[PDB]
C-alpha cells in the first residue's frame, strides 16, 4: 500500500491561505481569502513531488483534529479531486493517515461520504469567486488508482532533477 509524507500548509477551518516557499521551506501567508469560506480539510502538498503543473502535488488530509502549518503527516491516498484552474492542472490527492487502524475502512473514493466530497468540491469551485481573472473548470472526483498513478509519475519527475 502506497504512503507518503504530506506537509500540511493549511489547517481545516482556516481562511488564511498559507504556502511554503519550496526554495527555503519557509511558511508564507499567500492571502486572506476574499470569500467567506474556510478550508474544509487540512491541506498541503506531498514532499518530493513535481506535479503535472510543475509545482509539488497538492493533498487533502482527513484528520480527527487539525494540525499546525508546516507539520508532516504520513498519509495514504484514497482518491483525487481532478481540476484545472487559471494555473492549468491543479489536482488534489485525498488522503487519510497511514498506519492508523481507525481509517482502515476508508480504502477508496466510495468509502468517503458524498456530503464530504461535495463540501470539498464546493470549496474549490467557489473560493476564488471574488478574485477576478481566476476561474476553475473541469472539477471531478476520481478513484484511488488514478491518485496512485499521479503520485507515482510526480515522484519520478522529482527524481529526474
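Whichever C-alpha set is largest while still superposing within 1.5 Å between the two forms counts as the rigid core. Numbering follows the first chain given and starts at 1.
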{"item": "Core-aligned Cα RMS comparison in 7 other deposited structures of this protein - stretch that moves more, 67 to 75 or 83 to 91", "value": "83 to 91"}
{"item": "Which of 128 to 136 and 52 to 60 strays further in 7 other deposited structures of this protein - Cα RMS after rigid core alignment", "value": "52 to 60"}
{"item": "Higher-B stretch (mean Cα B-factor, as the entry records it), 149 to 157 or 133 to 141", "value": "133 to 141"}
{"item": "Stretch with the greater mean C-alpha B-factor as recorded in the entry, comparing 116 to 124 against 43 to 51", "value": "43 to 51"}
{"item": "Modelled-residue ranking by C-alpha temperature factor, third containing residue 83", "value": "highest"}
{"item": "Chain third (lowest, middle, highest) by recorded CA B-factor, residue given as residue 102", "value": "lowest"}
